[PDB]
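Only one chain is shown below, in structure tokens, and it's the form deposited in one PDB entry.
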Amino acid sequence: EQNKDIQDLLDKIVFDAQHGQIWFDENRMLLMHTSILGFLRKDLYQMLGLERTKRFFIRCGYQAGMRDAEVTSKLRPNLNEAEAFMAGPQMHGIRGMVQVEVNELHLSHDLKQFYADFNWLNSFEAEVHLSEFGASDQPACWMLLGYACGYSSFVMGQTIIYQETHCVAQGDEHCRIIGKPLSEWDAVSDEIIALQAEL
């Protein structure tokens, strides 16, 4: 019914409580509290400063994003590029991190062309950021953003960089990102962060 489009991702996810294991394909998952992420964000901040913490959370999202794309790219290979790609936004929702809503998506692997304009609703990272830091001067959704780039870059076979254009933690109403190839704008965390120092 409500899951027609994600059932193939659901079928890959196994909860085996009695043996202490959650599997997404052949990868272990953990169920964690968002407030623990908030705690870890704050503790790293104190120990290492904002840049290193930001760099940490983006790198993590980035590897997670690439891992999910390894797993989901084997699925759907009898479908067209947009439907396949949508596994990424879909995992973010299944994982409980954010709801992706597509304003605009243009993509072709062979053309090396990509452009995404998405809204992010109920970002967990904006919530835990307000909680620990109060209202922010900059977008807060570092991990989610890393995951966007990583997932997107694996699927397209080149560096796709995203920018969080509007963020719930800066008072905006929903979060929103725009994704394009590096040029139209791997330590790509440097780029994402450099990129956001563009007023």
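Throughout, we count residues from 1 along the sequence that is shown.
Absent from the display: the form deposited with a small molecule bound. The rest refers to it.
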- Query: Just to confirm, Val100 within 4.5 Å of the small molecule in the entry with it bound by heavy atoms?
  - Reply: yes
- Message: Given that the small molecule is not shown alongside this chain, does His92 nevertheless sit within 4.5 Å of it in the entry with it bound, heavy atom to heavy atom?
- Response: yes
- Message: My question is simply whether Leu9 lines the interface with the small molecule in the entry with it bound - judged by any non-hydrogen atom within 4.5 Å.
- Response: no
- Message: Whether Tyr162 contacts the small molecule in the entry with it bound should be assessed with a 4.5 Å heavy atom distance threshold; does it?
- Response: yes
- Task: Please state whether every one of the three residues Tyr147, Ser152 and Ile177 places a non-hydrogen atom within 4.5 angstroms of the small molecule in the entry with it bound.
- Result: yes
